[PDB]
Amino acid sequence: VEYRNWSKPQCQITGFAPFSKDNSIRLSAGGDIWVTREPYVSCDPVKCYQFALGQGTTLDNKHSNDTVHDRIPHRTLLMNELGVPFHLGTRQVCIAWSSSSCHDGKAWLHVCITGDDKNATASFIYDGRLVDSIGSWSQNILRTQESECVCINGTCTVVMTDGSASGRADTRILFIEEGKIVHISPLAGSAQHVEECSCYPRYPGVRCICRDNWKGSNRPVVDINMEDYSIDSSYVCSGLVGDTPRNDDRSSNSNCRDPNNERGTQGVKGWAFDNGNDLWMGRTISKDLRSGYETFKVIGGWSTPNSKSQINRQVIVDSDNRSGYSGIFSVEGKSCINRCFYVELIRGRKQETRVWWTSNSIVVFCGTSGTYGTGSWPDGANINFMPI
C-alpha cells in the first residue's frame, strides 16, 4: 500500500445526492441499539465506516436516563461499516468523549479523549496500538473535531482546543505522524475561537471550516500548510452565514476577517467548502434551534465579503424536525476527490421530554455532478412509540 497524498482536483459538483441513513432511533424501539452522539463518517480507500460516541449503553437500558450529559467515563468510540447500526456487535474502538479518526492510507488513527475536564488525556491509537498520548494544556475540557482528521503523505493533522467554551481558548494543531505527534503548532491567523473543526484535503494542504462558540455566527477557517507545519486562519466571507443561532439572512453579516458578534456565543458543528470564489455550505433551516437542515451554493461566498447571493439550495432535513452536528468527509474518486457531508439527527431530552434518553441517527448525502430531485430525510422515530 502507499499513503493517501490526495493530489487530485476536487470534483466539480452540481449538488448533493443521497448516500446512507441508518434509522438507528427507529430501530432502537425494537432492537438492542446503542445510544450515541456527535457522530461522523470516514472512509479508507476501499470503504466507509460511521463513527459515534456512544453512552456506554442502549436506549432500553435504564442507564439511558440522563444521556444528555456530554462526558462520562463510559463514552466509547463506536465504529461500524457505513450503513449498519450500532447493535451489540459493534466494537468500542477506544475510550473517548471527543474524537477524530482518519486513515493515512495504510491504517487508522484514532484521537480518543477521556478523563477529568480539568485534567483529561488524549490517546493516539494508530494501527490498533497506542503510539502516543498528550495531556490537557489549559486544564479545561481538552477537545477535538468530532469529525475526521486528514492525512497527506504520512502526516495526519488534527486540530484540538482546550480553554473556555465562551472565551479565549488555546487551540493548537498536532501533526501526529503515524501515531506519534511529530510537531504541534499554535493557531495563527485572525480566528477568535476554533471549536470542533470539519477538515478536508486541499492538496498540498488541509482546510477547516470550524465553529465559534464565542462571538460569531460566521464560520472560522483554519488552513494548515502541510509543507512547513504552518497555520493561518480567518472566517468565511459568506453573508448568509451558517452557525446556530445566527441573526437571519437579511440582517446577518461577515467580512472573512472577524467574528461578526451576531448571536455568536453559540454554536453547532458545521461544514463548508470552497470552489473557485464560491462556497458550498449547509446550515440548519432554523436560525435559533437545530431544526431542519439545508445546503446551497453561495456565488462568491468564498472570496468576497458579506455575499448573500445564494443558489442550488436543497432541503436535506425538512424544517419540522430535528438536525444537529454536521461535518464533512472526502472520498477519492477515479479522477477527482469528491466532497460529502453527514447530518446528526438527535432525539431525546431537553428538546423532546417524553423520554429520558438523548440519542441520534445519521443521514449522509454526497457530492454529485449528476441530476437529482428533492426530498427530506429526517429521523422518522415516533417519540410516542419510544422507550422511557
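Numbering starts at 1 and runs along the sequence shown.
Mind pulling up the entry and telling me whether 306-314 or 167-175 has the higher mean Cα temperature factor?
Stretch with the higher mean C-alpha B-factor: 167-175.
Stretch exceeding the other in mean C-alpha B-factor - 354-362, 43-51
Between 43-51 and 354-362, it is 354-362 that shows the higher mean C-alpha B-factor.
Which listed residue, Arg339, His63, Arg26, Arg347, has the largest C-alpha temperature factor in the record?
Max CA B-factor in the entry, restricted to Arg339, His63, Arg26, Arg347: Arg347.
Maximum C-alpha temperature factor, selected from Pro186, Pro85, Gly242, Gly115:
Of the options given, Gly242 has the highest CA B-factor in the PDB entry.
Which third of the chain holds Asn261 when residues are ordered by C-alpha B factor: lowest, middle or highest?
It belongs to the highest third of the chain when residues are ordered by C-alpha B-factor.
B-factor third for the C-alpha atom of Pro9 within its chain
As the PDB entry reports it, the C-alpha B-factor of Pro9 lands in the middle third of its chain.
Looking at the temperature factor on the CA atom of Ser147, which third of the chain's modelled residues does it land in?
Its C-alpha B-factor, which the entry lists for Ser147, ranks in the lowest third among residues of this chain.
Please place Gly267 in the lowest, middle or highest third of its chain by C-alpha B factor as given in the entry.
Middle third by C-alpha B-factor.
Looking at the temperature factor on the CA atom of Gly205, which third of the chain's modelled residues does it land in?
Its C-alpha B-factor, which the entry lists for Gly205, ranks in the lowest third among residues of this chain.
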